[PDB]
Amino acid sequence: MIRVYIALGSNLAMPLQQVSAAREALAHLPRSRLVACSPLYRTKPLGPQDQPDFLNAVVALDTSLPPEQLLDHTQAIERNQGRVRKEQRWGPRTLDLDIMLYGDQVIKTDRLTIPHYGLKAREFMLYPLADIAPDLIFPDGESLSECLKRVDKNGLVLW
């Protein structure tokens, strides 16, 4: 199977339940196996708008699902959790699942760009990733440990 890293994020007032349900939903994906979970982190939301802090985590999963099938599945999870709360686009985010890495491949389609475009600049993705995959080396050759030296925690703390 292919090793995949998914970023979970939620900045609802009480985001804990969203992330836990998501980790559950992910572990039960067709032809996939949950491999490891990172600690949970409280992070500062990007953008000029003032909103609730984010709850961020990263999960490692092994899968046989191709990129697009994987995306249909993660979006289905986001969609189920969002619909339940009649989620407004411009307000707190219920659950955001970003495919950070898909094996050591570079995916570029009308619906995907993997590695996630902001992985190497987002502490809320890099730090949790380093907790479960410290010796990881990105598809472009740069190692995660090197990226960490370039990206500050930026206020990131344990949830």
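Residue indices: 1-based, along the sequence shown.
Participant: Which wins on mean Cα temperature factor, 58-66 or 25-33?
Facilitator: It is 25-33.
Participant: Pick between 145-153 and 132-140: the one whose mean CA B-factor in the entry is higher.
Facilitator: The stretch with the larger average C-alpha B-factor is 145-153.
Participant: Of the options 102, 41, 90, 117, which has the highest CA B factor as deposited?
Facilitator: Most elevated C-alpha B-factor of the set, per the entry: 90.
Participant: When the modelled residues of the chain are sorted by Cα temperature factor, does residue 6 land in the lowest, middle or highest third?
Facilitator: Lowest third - that is where residue 6 ends up once the chain's C-alpha B-factors are sorted.
Participant: Considering every modelled residue of the chain and its Cα B-factor in the PDB entry, is residue 76 in the lowest, middle or highest third?
Facilitator: Middle third of the chain for residue 76's C-alpha B-factor.
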